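Here the structure comes first, spelled out in structure tokens, and everything after it is commentary.
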Ligand SMILES: [Mg+2]
Ligand SMILES: [Mg+2]
Ligand SMILES: [Mg+2]
């Protein structure tokens, strides 16, 4: 019996023991395309749709300060890679995500600035700890645990709102220099949690594919029921090699996560029991700290579109990536 | 307006409204390898391992009559396609499936010839209708429904025995000219079935399907998928290899792939089917037995040799369509 590490709150900072991967350098034509996107969203006269769902050319609103802070160098790069470096597609996708973010109630970088999705709104959804932000894996990705066997609410739109909220918070926890997350999915049934319309799948799929490009860096799956397990194993080789590498179906998590960063349930050193009244306020306060820092940094650098997340999340006095 | 067709038993014969897809005839170089497989398994002094798991060169037994009946032209082709037309792999794979069939208790083509896996042994596993053999789809494949939400037993080796048994029964239902099946999987939870409150069967089942049932899954239709799995299956769908992707259908109407008169009404068909074990099960057992009897007597009438075709063994024409070299 090993000696585990007590923990009941999210790990605030990436430990120094985990290095941040180096970014792939951009070809000449890629930089040129990047500059066009930068130019498009730097336009002082830019106006975008008030929603995605009900978008109209005749109902537009110029960018808010908070939207400029979201429109980062890496945001541009995520969409460029998602759209396979097609300039018009990149611009439209970004535009539509801005549009969706206003509609959904998350365009203001936090409830502190007017977001309608609040911590208090979705807190009940996390009551049984069905989603947990905790730790960092080998490539400095923040970890999001998903535990559908701990489901505590009935299907509703609020489930989607919680889903999006937790995604935004795990993004708040990104270390400077990283912009993708790791999903750790535990499919076990937990009877300890009492089990309680339109299936939310379609909306969640639309949200993940359309508004969260290039965010899934790793997905680790464990405690898979037999039929699902068999299915996943039968199809794994037929999955495209570059997607295949991102997906791990029932292998030890310890090979992708350092032990002191991993829950002991899955072979790690962390002794974690979800305690809502302790965990939830810690996550909310920690996420808020990160956002305050990020936004202060953004204003200190001119409050312009195109700033780097490396700089906005970092602490160096001078910009590592100055804006053209 | 809705007028459904009453049914409570397996449909015995492919309707004539469904064509059997034409086989792609063998090339010149493929025939050559095939003949080598036939020659190997035609050897009258051939001896095979008595099990896969505990295989030994010093524990061998000759081919039984019933095993020669299993060693068909199409059996050879299934392995040839599976092993990418590598002769040594093909022969070895076939050999190990024969060995596993003996080990597992299904080497005799039915309990009537001494199979330890019997209808009575596994019947309790089907009591709530978690697996149902019923109907034929657009390409004449017999349909096997999987309904994991109706699980009625505790995890055990018997569950594997039942899975194999049902697979073997759906193969008995192959129309002459077809050798792949269609899986219709409904993931919905049926609370009306009492759920039992212990090693997972996945590793064994995976090994069995991959190693011992090559080229059997012609089609899988998935429906009533919970949101999370649904999103996953959609998120990964395009990244699946094309030839495998068209094989898999994730939450699309079954009516595109199955004629309505061959399809359960619950999935948009015209068959009003309610699973009644004391009616369904005996009828499944009887019909499969009839099909096996016909298959085996046909085998005997054509010489009782290795390499006969399933088209002839399941068919009724007086002359062989595939005489053996
Ligand atoms: Mg509008
Ligand atoms: Mg038939
Ligand atoms: Mg086989």
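Protein chains in written order, with full-length UniProt numbering: chain A, 15 to 210, 218 to 345; chain B, 15 to 211, 218 to 345. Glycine is no exception: its CB is placed at the ideal position from the N, C-alpha and C atoms.
Beta carbon of residue i: closer than 7 Å to some heavy atom of ligand 3?
i, result
"residue 156 (chain B)", "no"
"residue 234 (chain B)", "yes"
"residue 104 (chain B)", "no"
"residue 334 (chain B)", "no"
"residue 92 (chain B)", "yes"
"residue 89 (chain B)", "yes"
For residue i, return the contacting residues in chain A, with the cut-off set at a CB-CB distance below 8 Å.
i, result
"residue 114 (chain B)", "Near residue 114 (chain B) there are no residues of chain A at all, since even the closest Cβ is about 17 Å away, more than 8 Å."
Verify the contact flag: residue i, CB atom, against every heavy atom of ligand 1, threshold strictly below 7 Å.
i, result
"residue 69 (chain A)", "yes"
"residue 298 (chain A)", "no"
"residue 111 (chain A)", "no"
"residue 64 (chain A)", "yes"
"residue 73 (chain A)", "yes"
Chain A partners of residue i, CB-CB under 7 Å?
i, result
"residue 248 (chain B)", "162"
Closer than 7 Å: is that where the CB of residue i sits relative to any heavy atom of ligand 2?
i, result
"residue 189 (chain B)", "yes"
"residue 27 (chain B)", "yes"
Residues of chain B with a CB under 7 Å from the CB of residue i: which are they?
i, result
"residue 254 (chain A)", "226"
Interface residues of chain B around residue i at Cβ under 8 Å?
i, result
"residue 251 (chain A)", "222, 225, 226, 229"
Shorter than 8 Å from the beta carbon of residue i to some beta carbon of chain C?
i, result
"residue 109 (chain A)", "No chain C appears in the structure shown, which is made up of the protein chains A and B."
Does the beta-carbon of residue i, which I'm using as the reference point, lie nearer than 7 Å to any heavy atom of ligand 5?
i, result
"residue 77 (chain B)", "In the structure on display, ligand 5 does not appear, and the ligands it does have are ligand 1, ligand 2 and ligand 3."
Report task. Would you list, in chain order, the members of the region 257-277 of chain B that have their beta-carbon closer than 7 Å to a beta-carbon of chain A? Result -> 259, 260, 261, 264
**Report entry** Length-filtered (3 minimum) beta strand (DSSP E) runs lying within the region 81-163 of chain B
**Finding:** 145-150, 156-160
Report task. Pull out every residue of the region 219-243 of chain B whose Cβ sits closer than 8 Å to any Cβ of chain A, in chain order. Result -> 220, 221, 222, 225, 226, 229, 230
Query - Residues of the region 100-126 of chain A with Cβ closer than 8 Å to any Cβ of chain B, in chain order - result: none
Query - Contained alpha helix (DSSP H) runs [length at least 4] in the region 230-258 of chain A, N- to C-terminal order - result: 247-256
Report task. Write down every uninterrupted run of the alpha helix (DSSP H) in the region 269-323 of chain B whose length is 4 residues or greater and which is fully enclosed by it, in chain order. Result -> 297-321
Query raised in the report: Taking the runs of the alpha helix (DSSP H) that are 4 residues or longer, which of them lie wholly in the region 38-63 of chain A?
Result: 42-56
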